[PDB]
Amino acid sequence: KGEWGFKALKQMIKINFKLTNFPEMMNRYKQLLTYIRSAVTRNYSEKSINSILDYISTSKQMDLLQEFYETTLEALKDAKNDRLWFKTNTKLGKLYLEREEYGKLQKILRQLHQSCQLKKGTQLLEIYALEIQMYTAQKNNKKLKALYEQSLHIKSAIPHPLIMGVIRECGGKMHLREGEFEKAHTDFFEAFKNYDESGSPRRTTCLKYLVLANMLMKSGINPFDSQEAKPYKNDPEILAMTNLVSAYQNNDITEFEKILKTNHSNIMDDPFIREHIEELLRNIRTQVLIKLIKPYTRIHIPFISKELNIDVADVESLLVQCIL
Amino acid sequence: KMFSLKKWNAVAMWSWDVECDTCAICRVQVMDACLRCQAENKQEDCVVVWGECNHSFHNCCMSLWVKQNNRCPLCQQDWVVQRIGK
Amino acid sequence: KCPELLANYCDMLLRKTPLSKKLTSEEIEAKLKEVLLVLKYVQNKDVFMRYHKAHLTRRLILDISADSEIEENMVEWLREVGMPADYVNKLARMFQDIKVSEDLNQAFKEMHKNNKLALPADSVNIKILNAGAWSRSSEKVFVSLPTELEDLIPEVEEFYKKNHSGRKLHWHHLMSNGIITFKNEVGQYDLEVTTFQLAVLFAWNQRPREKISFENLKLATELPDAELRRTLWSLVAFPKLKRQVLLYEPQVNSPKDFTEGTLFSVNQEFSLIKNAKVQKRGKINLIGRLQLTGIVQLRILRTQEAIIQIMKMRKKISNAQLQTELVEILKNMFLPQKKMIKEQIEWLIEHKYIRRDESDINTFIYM
Amino acid sequence: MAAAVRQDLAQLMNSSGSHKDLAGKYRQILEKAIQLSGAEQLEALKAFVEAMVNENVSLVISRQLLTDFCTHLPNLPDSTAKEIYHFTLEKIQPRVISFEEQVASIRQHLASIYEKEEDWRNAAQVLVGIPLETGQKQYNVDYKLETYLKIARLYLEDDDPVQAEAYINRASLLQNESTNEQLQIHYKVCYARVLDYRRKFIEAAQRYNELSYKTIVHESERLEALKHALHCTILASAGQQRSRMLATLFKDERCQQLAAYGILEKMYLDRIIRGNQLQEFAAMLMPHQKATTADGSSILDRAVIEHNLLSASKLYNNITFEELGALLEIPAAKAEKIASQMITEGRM
Ligand SMILES: [Zn+2]
Ligand SMILES: [Zn+2]
Ligand SMILES: [Zn+2]
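Enquirer: In this structure, what is going on with the overall build of chain D? I would like to understand it.
Expert: A count of helical and extended segments in chain D gives 18 helices and zero strands. By the compact-globule yardstick of 20 Å for 348 residues, chain D is too spread out, its C-alpha radius of gyration being 29 Å. Counting only C-alpha atoms and orienting by the principal axes, one finds that chain D spans roughly 100 × 40 × 35 Å. Within chain D, buried positions represent 42% of all 348 residues. Accessible area of chain D: about 18600 Å², with a carbon and sulfur share of 51%.

Structure representation (structure tokens):
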């Protein structure tokens, strides 16, 4: 059985690799490439476990990894080497961002032209997510928007549930920036749902954006009622957020302002809520004003000023804007 | 290590801790009643409407909601009834 | 129709389920496409779908798939050939859960590597899959796991709670598998067994070979009575076996039933030898193909005139409104399902009693 | 001291063959140590539990002897019983998945003895520790329902309505399927009490009135439910629903036995209620219903103020603020606020 044969061969390979001495190993692995491929279906298990044993030396041995991936690309052209190759793209690229590896990564252009002008939904989604991440790192909004509209066409794919949640988050941010909150809410809900099952750092970050989008939706239905978001209700990072949600609905002013003032170092830090806070503190005031002047026929402006905790001029401006 | 195992592969299945959460529209527990059936004293069917997504509501609650907007109240997805239980 | 038998052919092509080692090249996949065409021509696709789902669950939960790209493309091929959307969604969810489980297992192995548990960190694998798609039953059965595995379940539960707090993990002991090492005199041969079989074999391990009765085994393993007997059938009636590991049965009989108080005992000098010549480093798989996991026509006539009543009441309606009104009306009768309502929906549209709006895909018009 | 039990237990531990005389000698030791000069029995039992917890004993007679010792434990004064229960709960903690049956009974006994001492906080925490969802054992629905109702009642008696509601929401899931009518009645009573504790007075009144018509419930409990319904309806906010509830209660014949019939008959006919005919009422109000609304006014003299304002709307065409506050005890200011709040909700 040749399977255990090359298993023992790669075993020594790594035994000698602990004693460095690289050129012998590489050349042996190169000459055993074709034999291992033809003899037994290699695909994922053994080569990926070798890469798992090898990434522990990501610092240094960079040339060794580079030549390994070069020979894997130009020798394993038969069969599909792409799926783990975008993993190499994420490893090497997006570590130094704008390095020319980003320009080089477009050698999948033949598959791009084969698909666009399908059935390769997974690879297209993965490359779109990678390009979205790169262009978000470089802060190119037009390119992100173009990528999202181009990705919206694919509806016959089965992706890993982190690739999908990145393009969904990008689309939600684009919708929030443009001004369409209706799609932003559902996009951020989808991004949070996909992040919950797989992921860790950007998990209690899409929930906050989802909350903000729901609060910019003229209220209605507490986001902390679905089974996906309830467990994170008492999280210390999101306690201010759920307090804000509870304050917005059941219209009141003092609690909202107190929450905004107290959590100055936990809410008014990111550039996404620090800018949209002006739309808030105005919708709640408008709702309170509408609810207050319902049973009156002749009301005093200073009374409204006292109720809304703002001066006379702002009350007059708000009334004029509402009437117009 | 005689008469002992060597390699073990464990398989477990996860599920949500709380299945029926409160109805978002009415804020009162979903599997009790709605606001009007209890008052009018016919609150014995009042059956929940578990949908395709996983969101549960009252039939009386969602009957008024669907007329205006025909999407799920929470995740804004397409609303089709997957299973109704009582 | 053939149904399940045809599904067996798929089990012989997409993966090495059991005797499916006869694989030549990718051209067999093309033959599978022809089988899909048969699925289009034949009727009663529910049994075929159930068999395909069971085969996929058996193959994925054991990691015995011959190819991975073919299995992934099988979902798209089945969707193109025509099948219920629920099965496709369940298959997609199962594939996504299997993909996430690899990362979860890698994280568990990389994080918990100092407590030393009981076995090495490179020998324990954890696969957590969503119970809403990969399972249907919800019954828990005790297995009385050994002390070696008594320190591994709590660690996995703690890791899952720390990483994904908010969900409860219910361990399924029927689908778990493992490898144990025997010391039966002449040859030490590894044996692949499930949880119940492992418990049954380890019950008679605290006192050499000796001999135990059925009542003692039932009281020790604490299994669910009759199911325990089924486990014994796996260890006494292994097909194509020269000599079973537990070569005992007392009063002969058959492994199917009538165990009564038979005194089963392990054979210390059992002739469990591969090729009947020197079991120096043999390995035997004992799991096998287990994969343990108002009449209709008079009832379907109820709802069609209910839909037609809703339509004759109001001409303009949407899909969600139609579902809400239908389920509002039919609460006094049986609780409607999703498949029945859909079946009635295209039965109505095919009879041209209603018109599907062109501008809106969901809006319906009465006649 | 007399610590010789440990050596003989260790000597018996390394026995080669399985036997039953160990249980007999354990029973003999315990029964001869029941009548002991001091706390030597407690130390002997602690050493027994420590030696028994170890996995070296096969788990086919360990469980039976453990549950036998647990069932023999309550025949003992509770001072040592609490300590031994805590000790065995701590000792079983490292391996719980094996002994998932004795832990439940031990925690139930500990909660019972804690409740018997008028301690509604520690008993709830002890009962919470029972794994009813994340456990390898399959408990029956009745057991889970009873445990949930017990925990909810314990939390309610500790003046913590949030936890009681949280643990009654789960019992509501299993209410619809369990066939025990007594359990359903107990769940209904607990839910009504929880609703009453949440200051949702009209819903609690409706639930109590509905429960008062159950034939299975004994007559005195029915009268108590009717009295609670009357109190909740009186304390409820003014409106059409409260008026309908008041009319329904006034239609009831058996309402004359209650001492609050005069207040009901005055409130039914939209009559203004003063403080002279209320002083005896606040005496019989439950303490949880006498809490203030953080505005200096209790619950009673806010519902009564709203009722007075609603009744005055039928006998007036237009009223100034000073006159409205004169007959409502409001000096000048909050009468307008109360009137504006009673509108925009359809009440007036
Ligand atoms: Zn509702
Ligand atoms: Zn209802
Ligand atoms: Zn939904």
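Enquirer: How should the overall build of chain B be read in this particular structure?
Expert: Tallying secondary structure elements over chain B gives two helices and one strand in all. For 86 residues, the compact-globule estimate of 2.2 N^0.38 gives 12 Å, and the C-alpha radius of gyration of chain B, at 20 Å, exceeds that figure by more than 25%. Viewed in the frame of its principal axes, chain B has a C-alpha envelope of about 70 × 30 × 20 Å. Expressed as a percentage of contacts within chain B between residues at least 6 apart in sequence, the contacts between residues at least 24 apart total 52%. When the accessible surface of chain B is totalled, it reaches about 4200 Å², and 52% of it is carbon and sulfur. Across chain B, the centroid of the 10 positively charged side chains sits 10 Å from that of the 9 negatively charged ones.

Enquirer: Is there a simple way to think about the packing of aromatic side chains in this case?
Expert: Aromatic ring pairs are defined here through the distance separating the ring centres and the angle between the ring planes. Arranged with centres 6.2 Å apart and planes meeting at 55°, the rings of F48 of chain D and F69 of chain D form a pair that is tilted. Pair noted here: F48 of chain D is in helix α3 (residues 40–53) and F69 of chain D is in helix α4 (residues 62–72), with a separation of 21 residues, a long-range link. An angle of 15° between the planes, with centres 6.0 Å apart, marks the rings of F250 of chain D and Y261 of chain D as stacked. Remark: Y261 of chain D occurs in helix α14 (residues 261–268) and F250 of chain D occurs in helix α13 (residues 240–251); sequence separation between them is eleven residues. Among the aromatic residues, ring-to-ring pairing joins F188, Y209 and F272 of chain A into one connected group. Sitting above the plane of the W50 of chain B ring, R83 of chain B keeps its charged end 5.2 Å from the centroid. Over the aromatic face of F334 of chain C sits the side chain of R299 of chain C, whose NZ or CZ is 4.1 Å from the ring centroid.

Enquirer: What is the right way to look at the sheet that holds strand β6 (residues 316–317) of chain C in this model?
Expert: The strands making up a sheet are joined through hydrogen bonds of the backbone, oriented either antiparallel or parallel. All names here are of chain C. Read from one edge of the open sheet, three strands run β6-β8-β7, paired in antiparallel fashion. The open sheet is flanked by β6 and β7 (354–356), the only strands paired with a single partner. Relative to strand β8 (residues 364–366), β7 runs antiparallel, the two being bridged by three bridges. Considered in β8, the bridge of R356 is made with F364.

Enquirer: Quick question: what am I supposed to make of unusual backbone geometry here?
Expert: Note on backbone geometry: most residues besides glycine have negative phi, and most peptide bonds are trans. The residue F258 of chain C is not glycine, and still its phi comes out positive at about 60°. Summarising the element assignment, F258 of chain C is placed in the loop between α10 (226–236) and β5 (283–285). The phi dihedral of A294 of chain D falls on the positive side, at around 60°, and the residue is not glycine.

Cut-offs applied
Residues numbered from 1 in each chain as written, not as in the entry; some residues may be left out. Chains lettered and ligands numbered in written order. Part of a larger assembly, values for the part shown. Heavy atoms only, no water. Residues with missing side-chain atoms left out of burial classes, pairs and counts. Helix = DSSP H or I, 4+ residues; strand = E, 2+ residues; numbered from the N terminus. Rg over C-alpha atoms; globule rule 2.2 N^0.38 Å. Buried < 20%, exposed > 50% of the residue type's maximum accessible area, 1.4 Å probe, protein only. Areas by Shrake-Rupley, 256 points an atom, 1.4 Å probe, with all protein chains shown as cover. Contact = heavy atoms within 4.5 Å. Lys, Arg positive; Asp, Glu negative; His and termini not counted. Charge placed at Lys NZ, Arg CZ, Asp CG, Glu CD. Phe/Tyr/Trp six-rings, centres within 6.5 Å; stacked < 30°, edge-to-face > 60°. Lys NZ or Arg CZ within 6 Å of the ring centre and 35° of its normal. Pairing = 2+ DSSP bridges.

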